[PDB]
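Colleague: run_21.cif is reproduced below (mmCIF, C-alpha atoms).
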data_query
loop_
_atom_site.group_PDB
_atom_site.id
_atom_site.type_symbol
_atom_site.label_atom_id
_atom_site.label_comp_id
_atom_site.auth_asym_id
_atom_site.auth_seq_id
_atom_site.Cartn_x
_atom_site.Cartn_y
_atom_site.Cartn_z
ATOM 1 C CA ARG A 112 -50.171 -14.001 35.129
ATOM 2 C CA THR A 113 -47.631 -14.414 37.927
ATOM 3 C CA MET A 114 -45.886 -17.008 35.756
ATOM 4 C CA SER A 115 -45.724 -14.894 32.591
ATOM 5 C CA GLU A 116 -43.777 -12.211 34.463
ATOM 6 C CA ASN A 117 -41.225 -14.832 35.509
ATOM 7 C CA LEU A 118 -40.901 -16.189 31.969
ATOM 8 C CA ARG A 119 -40.715 -12.693 30.496
ATOM 9 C CA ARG A 120 -37.740 -11.814 32.710
ATOM 10 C CA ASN A 121 -36.009 -15.143 32.034
ATOM 11 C CA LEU A 122 -36.367 -14.540 28.298
ATOM 12 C CA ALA A 123 -34.535 -11.201 28.511
ATOM 13 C CA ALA A 124 -31.754 -12.555 30.737
ATOM 14 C CA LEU A 125 -30.969 -15.115 28.033
ATOM 15 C CA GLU A 126 -30.455 -12.685 25.149
ATOM 16 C CA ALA A 127 -28.262 -10.513 27.380
ATOM 17 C CA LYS A 128 -25.777 -13.380 27.724
ATOM 18 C CA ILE A 129 -25.916 -14.310 24.044
ATOM 19 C CA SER A 130 -24.716 -10.791 23.268
ATOM 20 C CA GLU A 131 -21.816 -11.142 25.712
ATOM 21 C CA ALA A 132 -20.907 -14.580 24.360
ATOM 22 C CA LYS A 133 -20.834 -13.304 20.782
ATOM 23 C CA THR A 134 -18.469 -10.441 21.616
ATOM 24 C CA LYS A 135 -16.058 -12.798 23.411
ATOM 25 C CA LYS A 136 -16.129 -15.307 20.554
ATOM 26 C CA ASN A 137 -14.483 -12.735 18.288
ATOM 27 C CA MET A 138 -11.646 -12.053 20.745
ATOM 28 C CA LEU A 139 -10.997 -15.755 21.356
ATOM 29 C CA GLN A 140 -10.939 -16.724 17.681
ATOM 30 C CA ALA A 141 -8.325 -14.001 17.212
ATOM 31 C CA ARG A 142 -6.096 -15.334 20.000
ATOM 32 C CA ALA A 143 -6.349 -18.877 18.643
ATOM 33 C CA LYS A 144 -5.073 -17.778 15.233
ATOM 34 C CA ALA A 145 -2.174 -15.817 16.732
ATOM 35 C CA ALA A 146 -1.114 -18.679 18.991
ATOM 36 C CA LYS A 147 -1.168 -21.159 16.109
ATOM 37 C CA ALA A 148 0.955 -18.943 13.858
ATOM 38 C CA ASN A 149 3.566 -18.589 16.610
ATOM 39 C CA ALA A 150 3.600 -22.348 17.174
ATOM 40 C CA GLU A 151 4.540 -22.948 13.532
ATOM 41 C CA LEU A 152 7.259 -20.295 13.717
ATOM 42 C CA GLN A 153 8.853 -21.744 16.847
ATOM 43 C CA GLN A 154 8.797 -25.188 15.237
ATOM 44 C CA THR A 155 10.604 -23.814 12.178
ATOM 45 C CA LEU A 156 13.413 -22.246 14.225
ATOM 46 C CA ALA A 157 13.960 -25.525 16.072
ATOM 47 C CA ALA A 158 14.334 -27.623 12.916
ATOM 48 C CA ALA A 159 16.783 -25.083 11.479
ATOM 49 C CA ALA A 160 18.912 -25.232 14.627
ATOM 50 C CA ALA A 161 18.715 -29.030 14.485
ATOM 51 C CA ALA A 162 20.151 -29.143 10.958
ATOM 52 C CA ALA A 163 23.034 -26.866 12.018
ATOM 53 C CA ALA A 164 24.309 -26.385 8.480
ATOM 54 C CA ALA A 165 26.642 -23.647 9.740
ATOM 55 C CA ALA A 166 28.411 -26.167 11.973
ATOM 56 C CA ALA A 167 28.981 -28.563 9.074
ATOM 57 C CA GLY B 2 26.266 -45.935 34.907
ATOM 58 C CA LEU B 3 28.272 -48.655 33.203
ATOM 59 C CA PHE B 4 25.766 -48.926 30.345
ATOM 60 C CA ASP B 5 25.855 -45.162 29.908
ATOM 61 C CA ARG B 6 29.624 -45.414 29.465
ATOM 62 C CA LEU B 7 29.341 -48.262 26.963
ATOM 63 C CA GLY B 8 26.587 -46.334 25.202
ATOM 64 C CA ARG B 9 28.700 -43.207 24.822
ATOM 65 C CA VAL B 10 31.551 -45.298 23.405
ATOM 66 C CA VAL B 11 29.491 -47.139 20.794
ATOM 67 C CA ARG B 12 27.578 -43.979 19.896
ATOM 68 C CA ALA B 13 30.824 -42.046 19.361
ATOM 69 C CA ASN B 14 32.304 -44.648 17.008
ATOM 70 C CA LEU B 15 29.190 -44.533 14.833
ATOM 71 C CA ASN B 16 29.267 -40.720 14.716
ATOM 72 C CA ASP B 17 32.928 -40.747 13.644
ATOM 73 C CA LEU B 18 32.177 -43.385 11.010
ATOM 74 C CA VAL B 19 29.670 -40.982 9.452
ATOM 75 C CA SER B 20 31.980 -37.972 9.740
ATOM 76 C CA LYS B 21 34.566 -39.475 7.373
ATOM 77 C CA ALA B 22 31.876 -40.141 4.763
ATOM 78 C CA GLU B 23 31.429 -36.364 4.342
ATOM 79 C CA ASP B 24 33.166 -35.197 1.162
ATOM 80 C CA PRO B 25 34.200 -31.554 1.752
ATOM 81 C CA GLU B 26 33.475 -30.564 -1.840
ATOM 82 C CA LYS B 27 29.899 -31.846 -2.092
ATOM 83 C CA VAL B 28 28.639 -31.236 1.445
ATOM 84 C CA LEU B 29 29.966 -27.693 1.639
ATOM 85 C CA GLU B 30 27.626 -26.438 -1.103
ATOM 86 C CA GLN B 31 24.641 -28.501 0.062
ATOM 87 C CA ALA B 32 24.989 -26.837 3.466
ATOM 88 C CA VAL B 33 24.448 -23.457 1.803
ATOM 89 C CA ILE B 34 21.448 -24.743 -0.149
ATOM 90 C CA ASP B 35 19.831 -26.010 3.051
ATOM 91 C CA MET B 36 20.548 -22.739 4.852
ATOM 92 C CA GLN B 37 18.958 -20.760 2.002
ATOM 93 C CA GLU B 38 15.631 -22.616 1.908
ATOM 94 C CA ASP B 39 15.437 -22.441 5.702
ATOM 95 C CA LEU B 40 15.130 -18.681 5.197
ATOM 96 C CA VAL B 41 12.314 -19.181 2.681
ATOM 97 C CA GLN B 42 10.350 -21.194 5.245
ATOM 98 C CA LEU B 43 11.102 -18.695 8.006
ATOM 99 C CA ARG B 44 9.957 -15.665 6.018
ATOM 100 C CA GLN B 45 6.553 -17.250 5.349
ATOM 101 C CA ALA B 46 5.973 -17.937 9.046
ATOM 102 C CA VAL B 47 7.011 -14.433 10.115
ATOM 103 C CA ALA B 48 4.726 -12.730 7.596
ATOM 104 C CA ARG B 49 1.849 -14.874 8.843
ATOM 105 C CA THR B 50 2.322 -13.349 12.308
ATOM 106 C CA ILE B 51 2.560 -9.802 10.923
ATOM 107 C CA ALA B 52 -0.855 -10.278 9.319
ATOM 108 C CA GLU B 53 -2.398 -10.742 12.764
ATOM 109 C CA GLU B 54 -0.834 -7.740 14.473
ATOM 110 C CA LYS B 55 -2.383 -5.791 11.593
ATOM 111 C CA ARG B 56 -5.694 -7.500 12.292
ATOM 112 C CA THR B 57 -6.083 -7.107 16.069
ATOM 113 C CA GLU B 58 -5.534 -3.370 15.644
ATOM 114 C CA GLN B 59 -8.677 -3.207 13.516
ATOM 115 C CA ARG B 60 -10.757 -5.098 16.084
ATOM 116 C CA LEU B 61 -9.624 -2.758 18.865
ATOM 117 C CA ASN B 62 -10.844 0.285 16.921
ATOM 118 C CA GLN B 63 -14.309 -1.225 16.489
ATOM 119 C CA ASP B 64 -14.939 -2.150 20.121
ATOM 120 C CA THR B 65 -13.785 1.233 21.426
ATOM 121 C CA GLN B 66 -16.242 3.042 19.150
ATOM 122 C CA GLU B 67 -19.022 0.497 19.698
ATOM 123 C CA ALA B 68 -18.853 1.092 23.461
ATOM 124 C CA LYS B 69 -19.429 4.806 22.851
ATOM 125 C CA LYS B 70 -22.710 3.990 21.118
ATOM 126 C CA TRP B 71 -23.951 2.101 24.177
ATOM 127 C CA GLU B 72 -22.842 4.829 26.582
ATOM 128 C CA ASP B 73 -24.762 7.445 24.586
ATOM 129 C CA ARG B 74 -27.862 5.233 24.490
ATOM 130 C CA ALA B 75 -27.738 4.762 28.271
ATOM 131 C CA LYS B 76 -27.820 8.526 28.826
ATOM 132 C CA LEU B 77 -30.697 8.808 26.359
ATOM 133 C CA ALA B 78 -32.593 6.203 28.385
ATOM 134 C CA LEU B 79 -32.066 8.051 31.674
ATOM 135 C CA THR B 80 -33.277 11.359 30.262
ATOM 136 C CA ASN B 81 -36.396 9.413 29.271
ATOM 137 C CA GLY B 82 -36.379 7.943 32.789
ATOM 138 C CA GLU B 83 -36.278 4.368 31.453
ATOM 139 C CA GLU B 84 -33.795 3.232 34.074
ATOM 140 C CA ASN B 85 -34.410 -0.484 33.485
ATOM 141 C CA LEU B 86 -33.287 -0.034 29.873
ATOM 142 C CA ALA B 87 -30.246 2.015 30.907
ATOM 143 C CA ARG B 88 -29.010 -0.965 32.929
ATOM 144 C CA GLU B 89 -29.266 -3.185 29.851
ATOM 145 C CA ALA B 90 -27.098 -0.831 27.770
ATOM 146 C CA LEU B 91 -24.495 -0.610 30.535
ATOM 147 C CA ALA B 92 -24.273 -4.403 30.546
ATOM 148 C CA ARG B 93 -23.488 -4.326 26.824
ATOM 149 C CA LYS B 94 -20.794 -1.699 27.381
ATOM 150 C CA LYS B 95 -18.964 -3.560 30.142
ATOM 151 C CA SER B 96 -18.422 -6.665 28.013
ATOM 152 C CA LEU B 97 -16.864 -4.483 25.301
ATOM 153 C CA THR B 98 -14.488 -2.571 27.577
ATOM 154 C CA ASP B 99 -13.267 -5.830 29.091
ATOM 155 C CA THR B 100 -12.458 -7.400 25.717
ATOM 156 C CA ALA B 101 -10.802 -4.231 24.383
ATOM 157 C CA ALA B 102 -8.339 -4.453 27.278
ATOM 158 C CA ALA B 103 -7.365 -7.920 26.066
ATOM 159 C CA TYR B 104 -6.614 -6.594 22.580
ATOM 160 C CA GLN B 105 -4.350 -3.917 24.067
ATOM 161 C CA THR B 106 -2.393 -6.556 25.983
ATOM 162 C CA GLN B 107 -2.184 -8.902 23.002
ATOM 163 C CA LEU B 108 -1.124 -6.157 20.584
ATOM 164 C CA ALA B 109 1.738 -4.749 22.676
ATOM 165 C CA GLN B 110 3.092 -8.275 23.106
ATOM 166 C CA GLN B 111 2.850 -8.989 19.369
ATOM 167 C CA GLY C 2 20.873 -35.511 14.409
ATOM 168 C CA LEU C 3 22.520 -38.568 12.906
ATOM 169 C CA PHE C 4 19.801 -38.924 10.261
ATOM 170 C CA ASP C 5 20.168 -35.252 9.391
ATOM 171 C CA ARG C 6 23.862 -35.889 8.744
ATOM 172 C CA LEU C 7 23.165 -38.955 6.608
ATOM 173 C CA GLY C 8 20.459 -36.991 4.814
ATOM 174 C CA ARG C 9 22.788 -34.126 3.946
ATOM 175 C CA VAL C 10 25.348 -36.606 2.602
ATOM 176 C CA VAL C 11 22.961 -38.529 0.354
ATOM 177 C CA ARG C 12 21.255 -35.326 -0.779
ATOM 178 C CA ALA C 13 24.601 -33.762 -1.734
ATOM 179 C CA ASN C 14 25.689 -36.727 -3.861
ATOM 180 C CA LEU C 15 22.446 -36.570 -5.836
ATOM 181 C CA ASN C 16 22.828 -32.816 -6.394
ATOM 182 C CA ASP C 17 26.387 -33.287 -7.683
ATOM 183 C CA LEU C 18 25.234 -36.118 -9.945
ATOM 184 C CA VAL C 19 22.827 -33.683 -11.608
ATOM 185 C CA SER C 20 25.391 -30.880 -11.812
ATOM 186 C CA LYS C 21 27.667 -32.858 -14.148
ATOM 187 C CA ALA C 22 24.750 -33.560 -16.491
ATOM 188 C CA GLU C 23 24.586 -29.826 -17.314
ATOM 189 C CA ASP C 24 26.179 -29.173 -20.708
ATOM 190 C CA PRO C 25 27.549 -25.595 -20.605
ATOM 191 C CA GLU C 26 26.651 -24.941 -24.235
ATOM 192 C CA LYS C 27 22.972 -25.916 -24.115
ATOM 193 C CA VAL C 28 22.025 -24.814 -20.599
ATOM 194 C CA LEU C 29 23.650 -21.405 -20.895
ATOM 195 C CA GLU C 30 21.229 -20.251 -23.612
ATOM 196 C CA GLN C 31 18.176 -21.898 -22.034
ATOM 197 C CA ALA C 32 18.905 -19.911 -18.872
ATOM 198 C CA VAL C 33 18.525 -16.698 -20.874
ATOM 199 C CA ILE C 34 15.296 -17.914 -22.474
ATOM 200 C CA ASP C 35 13.816 -18.675 -19.055
ATOM 201 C CA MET C 36 14.927 -15.305 -17.689
ATOM 202 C CA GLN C 37 13.304 -13.513 -20.643
ATOM 203 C CA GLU C 38 9.838 -15.063 -20.315
ATOM 204 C CA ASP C 39 9.933 -14.459 -16.561
ATOM 205 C CA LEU C 40 9.900 -10.763 -17.474
ATOM 206 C CA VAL C 41 6.879 -11.280 -19.735
ATOM 207 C CA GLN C 42 4.946 -12.817 -16.840
ATOM 208 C CA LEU C 43 6.098 -10.110 -14.436
ATOM 209 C CA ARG C 44 5.065 -7.224 -16.682
ATOM 210 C CA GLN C 45 1.503 -8.560 -16.952
ATOM 211 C CA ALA C 46 1.137 -8.786 -13.171
ATOM 212 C CA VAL C 47 2.534 -5.294 -12.578
ATOM 213 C CA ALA C 48 0.222 -3.677 -15.128
ATOM 214 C CA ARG C 49 -2.725 -5.405 -13.466
ATOM 215 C CA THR C 50 -1.879 -3.561 -10.234
ATOM 216 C CA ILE C 51 -1.450 -0.222 -12.030
ATOM 217 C CA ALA C 52 -5.000 -0.560 -13.352
ATOM 218 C CA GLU C 53 -6.324 -0.506 -9.786
ATOM 219 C CA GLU C 54 -4.398 2.511 -8.534
ATOM 220 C CA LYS C 55 -5.986 4.267 -11.516
ATOM 221 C CA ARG C 56 -9.367 2.948 -10.420
#
What is this file in structure tokens?

Modeller:
Amino acid sequence: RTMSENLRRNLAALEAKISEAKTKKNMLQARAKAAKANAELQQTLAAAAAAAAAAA
Amino acid sequence: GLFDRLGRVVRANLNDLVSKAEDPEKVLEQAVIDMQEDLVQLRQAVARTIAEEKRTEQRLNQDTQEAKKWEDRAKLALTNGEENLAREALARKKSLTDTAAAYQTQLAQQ
Amino acid sequence: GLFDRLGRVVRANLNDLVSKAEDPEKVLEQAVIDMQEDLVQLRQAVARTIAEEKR
């Protein structure tokens, strides 16, 4: 009964950090979609400037 | 370097040799075709970034109102004297106020 | 780039080669047919959005 107190605290400390992890997951998955959309845009502007149709 | 200078000579001849293959009548309308479809590609990519500015503003409005729920529950715990449970609610709140500050920074930049 | 410049040359020849296959007499009435049925497709899609404002 001195062990079950230790385990019973360790069990609650785990679920506390699952809750934090799950809130951060949402914010990170948002940032990864935004960054990937901007990468495709900046690649499009480069290829346009490389064709330079207005110089021809 | 000497081999830079030779390189720039031989590279310039080849570029001139192409330039006199360009028929003004055919290439001048193809250039406008290319420049038009470039705008079709660009407009798709822009709209795809607008969709996400719209979408982070929703997430911000959830996590500001979800943190109010956990603040109210912490006060309810302290009026019931259950101070160990009040700490748990405050830990849930802090993680929400820290991520909401990231959405504010992201959204103003977008 | 050099291969952009070659590409725009070879692409422009092919587009001109098509352009002189277009008979003015046949294509000029087909263009109006296409533009008419485009309106039939468009009107169906619009009405389908009106149904939901109503709803």

Colleague: With distances taken over only C-alpha atoms, which residue among C:10, C:40, C:22, C:32 lies nearest chain A?

Modeller: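 Counting only C-alpha atoms, the residue closest to chain A is C:10.
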
Colleague: Given the file shown, enumerate the residues that the PyMOL selection byres ((chain B and resi 54) around 10) captures and present them as number ranges by chain.

Modeller: A: 145; B: 49-53, 55-59, 107-111

Colleague: Compute the set of chain C residues within 10 Å of chain A, using all atoms listed in the file, and express it as a list in words.

Modeller: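 That gives the following set of residues: residues 2, 3, 4, 5, 6, 8 and 9 of chain C.
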
Colleague: Output as an MDAnalysis selection string the set of chain A residues within 10 Å of chain B, with distances taken over only C-alpha atoms.

Modeller: chainID A and resid 123:124 127:128 130:132 134:135 137:139 141:142 144:156 158:160 162:167

Colleague: Can you tell me how far CA of residue 17 in chain C sits from CA of residue 30 in chain B, in Å to one decimal?

Modeller: 9.6 Å

Colleague: May I ask for the distance between CA of residue 16 in chain C and CA of residue 15 in chain B, given in Å to one decimal place?

Modeller: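 Result for CA of residue 16 in chain C versus CA of residue 15 in chain B: 25.1 Å, one decimal.
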
Colleague: Identify which of the residues C:37, C:14, C:42, C:20 lies closest to chain B, counting all atoms listed in the file when measuring atom-to-atom distances.

Modeller: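 For chain B, the nearest of the given residues is C:14.
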
Colleague: One number please: CA of residue 19 in chain C to CA of residue 41 in chain C, in Å, one decimal.

Modeller: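 Spanning CA of residue 19 in chain C to CA of residue 41 in chain C is a straight-line distance of 28.7 Å.
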
Colleague: Could you model N, CA and C atoms for range 13-25 of chain C and present them as a PDB file, keeping the file's coordinate frame?

Modeller:
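And here is the file that came out, result-v5.pdb:
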ATOM      1  N   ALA C  13      23.527 -34.458  -1.032  1.00  0.00           N
ATOM      2  CA  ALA C  13      24.601 -33.762  -1.734  1.00  0.00           C
ATOM      3  C   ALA C  13      25.176 -34.567  -2.893  1.00  0.00           C
ATOM      4  N   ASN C  14      25.273 -35.883  -2.746  1.00  0.00           N
ATOM      5  CA  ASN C  14      25.689 -36.727  -3.861  1.00  0.00           C
ATOM      6  C   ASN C  14      24.740 -36.607  -5.045  1.00  0.00           C
ATOM      7  N   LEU C  15      23.443 -36.693  -4.782  1.00  0.00           N
ATOM      8  CA  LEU C  15      22.446 -36.570  -5.836  1.00  0.00           C
ATOM      9  C   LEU C  15      22.494 -35.216  -6.537  1.00  0.00           C
ATOM     10  N   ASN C  16      22.720 -34.140  -5.788  1.00  0.00           N
ATOM     11  CA  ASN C  16      22.828 -32.816  -6.394  1.00  0.00           C
ATOM     12  C   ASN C  16      24.079 -32.659  -7.250  1.00  0.00           C
ATOM     13  N   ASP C  17      25.188 -33.272  -6.849  1.00  0.00           N
ATOM     14  CA  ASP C  17      26.387 -33.287  -7.683  1.00  0.00           C
ATOM     15  C   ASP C  17      26.208 -34.134  -8.935  1.00  0.00           C
ATOM     16  N   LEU C  18      25.499 -35.248  -8.807  1.00  0.00           N
ATOM     17  CA  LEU C  18      25.234 -36.118  -9.945  1.00  0.00           C
ATOM     18  C   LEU C  18      24.434 -35.417 -11.035  1.00  0.00           C
ATOM     19  N   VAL C  19      23.507 -34.551 -10.649  1.00  0.00           N
ATOM     20  CA  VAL C  19      22.827 -33.683 -11.608  1.00  0.00           C
ATOM     21  C   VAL C  19      23.769 -32.638 -12.193  1.00  0.00           C
ATOM     22  N   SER C  20      24.565 -31.991 -11.348  1.00  0.00           N
ATOM     23  CA  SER C  20      25.391 -30.880 -11.812  1.00  0.00           C
ATOM     24  C   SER C  20      26.320 -31.243 -12.962  1.00  0.00           C
ATOM     25  N   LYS C  21      26.827 -32.469 -13.023  1.00  0.00           N
ATOM     26  CA  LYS C  21      27.667 -32.858 -14.148  1.00  0.00           C
ATOM     27  C   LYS C  21      26.888 -33.396 -15.341  1.00  0.00           C
ATOM     28  N   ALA C  22      25.562 -33.365 -15.298  1.00  0.00           N
ATOM     29  CA  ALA C  22      24.750 -33.560 -16.491  1.00  0.00           C
ATOM     30  C   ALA C  22      24.500 -32.273 -17.265  1.00  0.00           C
ATOM     31  N   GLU C  23      24.805 -31.122 -16.679  1.00  0.00           N
ATOM     32  CA  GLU C  23      24.586 -29.826 -17.314  1.00  0.00           C
ATOM     33  C   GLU C  23      25.666 -29.537 -18.351  1.00  0.00           C
ATOM     34  N   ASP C  24      25.288 -29.584 -19.628  1.00  0.00           N
ATOM     35  CA  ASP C  24      26.179 -29.173 -20.708  1.00  0.00           C
ATOM     36  C   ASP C  24      26.262 -27.651 -20.752  1.00  0.00           C
ATOM     37  N   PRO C  25      27.445 -27.061 -20.589  1.00  0.00           N
ATOM     38  CA  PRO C  25      27.549 -25.595 -20.605  1.00  0.00           C
ATOM     39  C   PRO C  25      27.006 -24.918 -21.842  1.00  0.00           C
TER      40      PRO C  25
END
